[PDB]
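Residue numbers (the deposited numbering), protein chains in the order written: chain A, 1 to 343; chain A', 1 to 343; chain A'', 1 to 343. A prime marks a further copy of an entry chain. Here is the structure we will look at, set down as structure tokens.
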Ligand SMILES: CCCCCCCCO[C@@H]1O[C@H](CO)[C@@H](O)[C@H](O)[C@H]1O
Ligand SMILES: CCCCCCCCO[C@@H]1O[C@H](CO)[C@@H](O)[C@H](O)[C@H]1O
Ligand SMILES: CCCCCCCCO[C@@H]1O[C@H](CO)[C@@H](O)[C@H](O)[C@H]1O
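Spelled out as structure tokens, the structure:
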């Protein structure tokens with residue numbers, strides 16, 4: 001909620017409490033999943049053209065006991081925006097791949113999981129320098145593009161080290177570049193995004209699958225957002241980029257997400273979806289294996305802009321086999337029941 | 001403080017800094033105890049009858065160095081409330097036992113410690129689904145009741161596991177049900193609350209005292225709140241529910257708290273109290289032993305709605321013996337000196 | 001930003017996102033250094049004379065992955081202030097030494113590092129009871145003084161223990177007293193501050209350098225703040241107080257900081273600085289060694305009260321030798337590039 005607006009600066013303090021509960025035969029995905037998010041979006045007017053901004057967003061689990069409570073920063077960046085020239089921001093933010101893949105990431109709780117956080121330039125991560133452009137310098141109504149750089153986030157100790165080092169190799173990344181082009185026009189949307197990033201020595205020399213000099217992704221996306229209907233689909237091909245449970249990464253992966261939603265006037269919003277992640281030439285005798293594969297069904301009911309409830313049902317199509325057990329990937333169904341307050 | 005109220009939704013952002021210091025011969029209870037709380041209470045009007053809400057509250061210790069700072073979510077829930085039918089909320093909240101036992105939990109710093117947090121349904125804990133009713137469907141002015149369910153919060157690894165697992169057995173709980181009835185009338189208050197919950201395999205199979213299939217509690221409470229006077233008392237009998245230091249739980253426990261307070265017009269509010277927790281048939285050669293026993297004396301001075309100071313003096317009546325030393329229970333006195341700002 | 005002000009109480013909710021990046025040949029000081037601060041300053045009017053207040057400030061790193069995010073309380077105190085008599089506050093706060101040494105701590109990112117946090121009474125730390133006086137009881141315009149007490153912050157286990165114990169000996173302290181006198185007059189500033197504090201048994205009996213019964217400091221400071229110019233300098237002599245990397249403390253240390261800044265009307269603010277910390281009679285064959293020594297150059301550009309960017313360049317004059325390598329002190333240069341949003 002916009003709690004402050006005076007003399008050029010305005011601040012939006014926003015958050016939600018998500019009363020959430022998972023039902024699953026997988027005990028590790030069964031139980032209380034309640035959490036809270038808090039954040040601010042700031043905006044200051046510098047000149048006629050220039051404006052400065054800063055966003056921060058934070059998650060604090062609400063399903064843990066008081067002796068040990070986990071929380072983390074989702075985004076934290078600051079930037080400048082100049083009318084018809086572009087914007088620049090730096091900090092923890094979403095990678096440019098997400099500019100397109102986010103069109104399918106629209107379900108209440110599940111979905112958007114053919115990629116993780118801190119997964120190179122595919123979603124949220126540290127050290128993003130991002131240039132964005134709206135309506136191609138104000139000339140083409142609806143044509144947006146972005147060029148982004150991510151600086152190396154290395155290990156905590158030894159060489160290949162950075163000030164913000166991290167022992168988990170799945171959260172590390174070398175220097176990377178990516179970009180995206182988006183075009184919307186009266187309901188329709190065509191999108192593309194490419195990214196390439198050096199992989200660190202640690203994530204290429206600890207006996208994991210899917211090693212190589214670079215982690216790369218290629219994304220294309222379609223959508224339709226009008227007349228109470230939402231349809232979307234994204235296709236992304238990755239190399240040494242998609243995480244394969246605990247085993248490592250997939251040398252090659254073909255990701256597909258599709259979503260269909262409808263919005264009734266009285267507040268109900270059913271949805272149907274299908275996600276899939278096919279790994280190819282994984283090595284170590286695995287060959288071609290589904291990393292992710294599930295239908296997702298359910299509905300959200302909006303009481304209000306501030307209150308909603310939902311049922312989100314993940315029908316897991318993965319088979320329980322030696323590959324999935326070695327990686328520790330969930331093959332069981334999950335039902336998420338939500339009750340959410342926002343402001 | 002209510003920092004936002006517009007078009008049906010209103011938000012109260014509240015908090016306090018409690019400048020606090022303990023004086024004690026027990027070194028582990030002697031020193032700086034300064035802390036901070038922050039929270040929001042949200043309320044959105046859906047219809048004439050229906051309203052949606054969400055509360056979050058957080059504690060962050062202010063007595064630690066910057067290298068290592070502990071903090072935790074006290075509550076985090078979201079709910080709906082329908083006039084003259086009831087309310088429903090889910091998330092981290094207070095158990096229904098507290099509906100009555102909270103009448104004695106009214107001292108500045110000590111008190112309210114014949115039970116812990118994450119102690120089955122006795123106080124704050126994860127995964128509470130709570131139904132509450134005000135004035136018995138609007139028919140009986142002052143008759144409130146509540147029915148509550150808590151879902152299993154298991155271990156972090158192995159079986160008996162949940163998505164929000166926790167290695168500390170004292171914070172675990174199986175599926176539980178409880179309830180409470182409250183009646184207030186022109187200053188007086190009669191209350192009752194029962195709760196029963198399955199205990200987990202981990203908390204019944206790690207060689208601790210007070211094991212059994214179920215942890216159970218039975219509570220009755222009296223009070224008087226008028227003419228600048230506050231009196232209250234609660235009696236709760238527990239089985240396999242009251243924690244006994246580190247040794248385990250008490251197979252049977254009889255808890256009693258009594259409080260007397262008076263409020264002077266100029267801001268001073270003296271108080272006298274007595275808490276006691278008698279364990280019975282504890283096993284392992286212990287027999288009947290006081291788990292908790294102390295008089296509590298002192299006073300708060302209110303400068304304002306936003307500023308207060310207090311002296312809270314815990315006279316520990318427990319004897320230092322092999323039982324208390326084995327459990328690690330404090331037998332020494334503590335004096336808490338407070339200086340508090342609120343908003 | 002002042003987000004609340006009603007019926008005597010007013011609350012300022014303030015924060016910043018600092019998009020920050022270090023460039024260094026030292027890998028441990030090279031990379032993303034992005035962070036966020038959040039805080040509130042509260043003020044309640046009790047009477048004509050008396051006012052109650054409370055400040056809290058918090059840092060949350062923005063350069064870490066979601067699996068592991070570090071954050072900490074910088075300050076957390078509550079106090080009363082009586083017109084022309086003085087103020088009193090308790091909690092986590094700045095020590096009185098900082099009343100003078102803070103005049104040089106005015107650079108964007110570096111500087112203010114001839115002392116650490118939780119470093120006895122030299123900067124921020126737990127358990128400060130501080131009395132302050134403005135304009136010497138309202139008699140002398142510009143003469144301020146302060147008397148401060150810090151209570152022992154001991155170890156986590158054993159004896160020499162406190163309720164807020166801490167295993168890191170560099171964060172521990174015994175009972176201490178200090179004070180400061182400040183005089184400002186039409187742009188000029190003369191300041192002095194002394195502090196003495198018992199050192200704990202743990203920090204005198206773990207085989208570190210710079211042991212002794214007491215950690216002591218003696219500070220003098222000059223400054224000039226007017227006509228778009230800022231000049232400042234502080235000299236502090238310490239005994240058993242200045243931390244020497246990992247090796248321990250310096251038995252004797254002579255600290256000097258000097259700063260020169262200029263503020264252009266169009267927003268640019270160049271600065272030049274020099275910090276130095278000379279250790280004397282360090283023991284263990286080290287003799288006299290520079291603990292800290294660097295020139296600091298750069299500039300901040302203010303777009304606005306809410307938005308700024310800066311280059312902060314630390315020219316490290318320390319030589320790489322066996323002393324600095326044993327202590328783990330950085331001898332390499334660092335360049336910090338900042339983009340900041342505030343509110
Ligand atoms: C507002 C500040 C903008 C800073 C943009 C970041 C510039 C990228 O800086 C990069 O950081 C990497 C470590 O993360 C180093 O390995 C690279 O050498 C360096 O070029
Ligand atoms: C808004 C969402 C409401 C969800 C109410 C919680 C329903 C209780 O769900 C319970 O959770 C337990 C694990 O915690 C499981 O062991 C039980 O089988 C399950 O019934
Ligand atoms: C608002 C509350 C004000 C309390 C002021 C703190 C009083 C100092 O209390 C000191 O604490 C030390 C441990 O930290 C003990 O070792 C000392 O014996 C004790 O005097």
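Idealized CB from N, CA, C, for every residue including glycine.
Where residue i falls, given that 16 or more other Cβ within 10 Å makes a residue buried
i	result
residue 49(A)	exposed
residue 21(A)	buried
residue 3(A')	buried
residue 110(A)	buried
residue 6(A')	exposed
residue 97(A')	buried
residue 139(A'')	exposed
residue 329(A')	buried
residue 159(A'')	exposed
residue 176(A)	buried
residue 226(A'')	exposed
residue 188(A)	exposed
Residue i, DSSP secondary structure in three states
i	result
residue 57(A'')	strand
residue 172(A)	coil
residue 278(A'')	strand
residue 327(A)	helix
residue 200(A')	coil
residue 10(A)	strand
residue 269(A')	strand
residue 322(A'')	helix
residue 128(A'')	strand
residue 21(A)	strand
residue 206(A)	coil
residue 121(A)	coil
residue 411(A')	The requested residue 411(A') is not part of the displayed model; chain A' covers only 1 to 343.
residue 290(A')	strand
residue 211(A'')	coil
Extent of the continuous beta strand (DSSP E) to which residue i belongs
i	result
residue 225(A'')	214 to 226
residue 94(A')	86 to 94
residue 33(A')	Element bounds for residue 33(A'): n/a, residue is neither H nor E.
residue 80(A')	71 to 82
residue 339(A)	334 to 342
residue 143(A'')	143 to 150
residue 261(A)	252 to 262
residue 305(A)	Per DSSP, residue 305(A) belongs to no beta strand (DSSP E) and is neither H nor E.
First through last residue of the alpha helix (DSSP H) which encompasses residue i
i	result
residue 236(A')	No alpha helix (DSSP H) holds residue 236(A'); the beta strand (DSSP E) holding it covers 229 to 239.
residue 136(A'')	135 to 138
residue 116(A')	Counting along the chain, residue 116(A') falls outside any alpha helix (DSSP H), and DSSP gives it neither H nor E.
residue 98(A')	98 to 101
Any non-hydrogen atom of ligand 4 closer than 7 Å to residue i Cβ
i	result
residue 153(A'')	This structure does not include ligand 4; its bound ligands are ligand 1, ligand 2 and ligand 3.
8 Å contact criterion, which residue i and residue j should meet: CB distance rounded
i	j	result
residue 180(A')	residue 120(A')	Rounded, the Cβ-Cβ distance is 15 Å, inconsistent with contact.
residue 302(A)	residue 269(A)	7 Å
residue 239(A'')	residue 216(A'')	5 Å
residue 198(A'')	residue 165(A'')	That belief does not hold up - the Cβ atoms of residue 198(A'') and residue 165(A'') are roughly 16 Å apart, past 8 Å.
residue 338(A'')	residue 310(A'')	4 Å
* To do: Pair every Cβ in the region 132 to 144 of chain A'' with every Cβ in the region 200 to 212 of chain A'', then say whether three or more of these pairs are closer than 8 Å.
  => No, they do not touch.
* the region 4 to 16 of chain A contacting the region 31 to 49 of chain A, beta-carbon criterion three pairs below 8 Å -> The region 31 to 49 of chain A and the region 4 to 16 of chain A touch, with three or more beta-carbon pairs separated by less than 8 Å.
* Hey, is the region 165 to 176 of chain A'' in contact with the region 64 to 82 of chain A'', meaning 3+ C-beta pairs nearer than 8 Å? -> Contact fails between the region 165 to 176 of chain A'' and the region 64 to 82 of chain A'', because fewer than three Cβ pairs, one in each stretch, are under 8 Å apart.
* Asked: If we count Cβ pairs, one from each stretch, closer than 8 Å, do we get three or more for the region 46 to 65 of chain A'' versus the region 314 to 323 of chain A'?
  -> Under the three-pair Cβ rule at 8 Å, the region 46 to 65 of chain A'' does not count as touching the region 314 to 323 of chain A'.
* To do: Count the C-beta pairs between the region 238 to 254 of chain A and the region 265 to 279 of chain A that are closer than 8 Å, then say yes if the count reaches three, no if not.
  => Verdict: yes, contact present.
* Do the region 99 to 106 of chain A and the region 327 to 341 of chain A'' meet, that is, are 3 or more Cβ pairs less than 8 Å apart? -> When C-beta atoms of the region 99 to 106 of chain A are compared with those of the region 327 to 341 of chain A'', fewer than three pairs fall below 8 Å, so the two segments do not count as touching.
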